[PDB]
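Take a look at this single chain, the form deposited in one PDB entry, given in structure tokens.
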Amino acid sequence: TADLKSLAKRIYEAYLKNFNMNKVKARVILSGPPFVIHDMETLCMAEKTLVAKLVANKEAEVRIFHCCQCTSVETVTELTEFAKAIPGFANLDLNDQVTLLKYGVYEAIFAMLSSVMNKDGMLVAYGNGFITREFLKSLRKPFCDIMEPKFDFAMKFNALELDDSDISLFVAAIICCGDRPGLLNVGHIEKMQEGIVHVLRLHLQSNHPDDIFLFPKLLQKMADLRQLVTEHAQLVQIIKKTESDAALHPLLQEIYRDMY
């Protein structure tokens, strides 16, 4: 359908406009310049070059965690502007918009994070760094436990070989969940959701004719992400309570407040 075909395009264009990183841009960088962070020496070098103000000191693990949070805060802003392209989102009650973004952002973050991840590491700092998976595993607990579950999800997610046209709709569908707690107008949100999911189903059928189960596979990935986010918040809570030097950005505190 032209109406749905153009809706898919609208979403895709809002995704390209509002997110600094996309899969094509990430694969260009990852093909072959990003500074490689593989040990403590290269981490400290990268900090002096890419986040100089940060180290003009606390444990490396705490500094890394603060850099992680800065990326989240930035992606929240990107996701908030992206949400406007979703038919009906800007028409929802202002409180429902906040609730949908509150519960959706981290699911969206980890879904999109897969695009800059491969089995050896991930792009960081607006594509200018590459931190290795093994270095992250080498951090002292509990900080070494943060990223490995995200790599596990990303390797299987990337095996699906989605492109940005698919991912834009997937992220839209994540935001349009009518079963988020505290929604005022569930019925309108469900209809909004049904509309995005309908476009996603048709788009996957056209864009991925070789994989007839791709749509149900992504439905399951949405459930997987919800559990990934729940477990992530639990680890974040442990760090907040037991790491006196690891403070949470207030915007991210509110997102976690009364989540899981």
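The first residue of the shown sequence is 1; numbering continues from there.
Here the subject shifts to the form deposited with a partner chain bound, a form of this protein not shown in this document.
- Only one of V186, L139, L101, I146 comes within 4.5 Å of the partner chain in the bound PDB entry through a heavy atom, and that residue is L101.
- In terms of contact with the partner chain in the bound PDB entry, the residue from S165, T132, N158, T80 that brings a heavy atom within 4.5 Å is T80.
- Contact annotation for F89: at least one heavy atom lies within 4.5 Å of the partner chain in the bound PDB entry.
- Contact check for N118: no non-hydrogen atom falls within 4.5 Å of the partner chain in the bound PDB entry.
- By the criterion of a heavy atom within 4.5 Å, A8 is excluded from the residues contacting the partner chain in the bound PDB entry.
- Among heavy atoms of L251, some come within 4.5 Å of the partner chain in the bound PDB entry.
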